[PDB]
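*Asks:* If you scroll down you'll find the structure; I have some questions about it.
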Protein chains: 8
Amino acid sequence: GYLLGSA
Amino acid sequence: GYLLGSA
Amino acid sequence: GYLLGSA
Amino acid sequence: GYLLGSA
Amino acid sequence: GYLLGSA
Amino acid sequence: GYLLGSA
Amino acid sequence: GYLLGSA
Amino acid sequence: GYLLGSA
């Protein structure tokens with residue numbers, strides 16, 4: 001699984 | 001922000 | 001924040 | 001299992 | 001900032 | 001901060 | 001597994 | 001198992 005994000 | 005997650 | 005967990 | 005996070 | 005994690 | 005753990 | 005980030 | 005983090 002993976003998670004990709006900007007903040 | 002932007003988010004993409006998958007599992 | 002962002003979270004992804006799996007079990 | 002796994003856990004991925006930002007804070 | 002930016003984040004990518006995978007497991 | 002950022003976290004990834006797995007076991 | 002891996003984690004890549006900027007802060 | 002492993003743990004990877006920033007603080």
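By convention here, the chains of the structure tokens are called A, B, ... in the order presented, each chain's residues are numbered starting at 1, and ligands are numbered starting at 1 in the order presented.
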Give the strand (DSSP E) residues of chain D, as DSSP finds them on the backbone, and put them as a ChimeraX atom specification.

*Replies:* /D:2-6

*Asks:* Compile a residue-level contact table for chain E against chain C at a cut-off of 10 Å, reporting for every qualifying residue the shortest atom pair and its distance in Å to one decimal, with only C-alpha atoms counted, rows ordered by chain and ascending number, as CSV.

*Replies:*
residue,atom,partner,partner_atom,distance
E:3,CA,C:2,CA,9.3
E:5,CA,C:4,CA,9.2
E:6,CA,C:4,CA,9.3
E:7,CA,C:6,CA,9.3
